[PDB]
Amino acid sequence: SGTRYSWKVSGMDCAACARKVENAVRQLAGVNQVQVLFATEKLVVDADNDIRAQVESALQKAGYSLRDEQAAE
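Take any residue in the sequence shown, count from 1 to its spot, add 961: that is its number in my numbering.
Following this line, the structure appears as structure tokens:
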């Protein structure tokens, strides 16, 4: 069940936007692990369901333009 979703973000390198990112994901439900890595500006979300569009919508409202990546290919 648990599947790993990835995204490419532009903007997330400061000690606040990282939280707003993960919190943009944690506010879901199916998410049960999150990997927000600074400098690489690469998002991962481990969730037992596809919610990538949902996390995107969240990150969009949070004010970060991402691109939905594949599920680790």
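Just so you know, even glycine gets a beta-carbon here, dropped at the ideal spot from N, CA and C.
- For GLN988, the three-state secondary structure derived from DSSP is coil.
- Among the bridge pairs identified by DSSP, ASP1029 is matched with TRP968.
- The alpha-carbon separation between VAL982 and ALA1023 amounts to approximately 7 Å.
- For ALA1008, there is no enclosing alpha helix (DSSP H); the enclosing beta strand (DSSP E) has its first and last residue at 1003 to 1008.
- Taking all protein chains in view, the Cβ of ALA1019 is crowded by 16 or more other Cβ atoms within 10 Å, so the residue is classified as buried.
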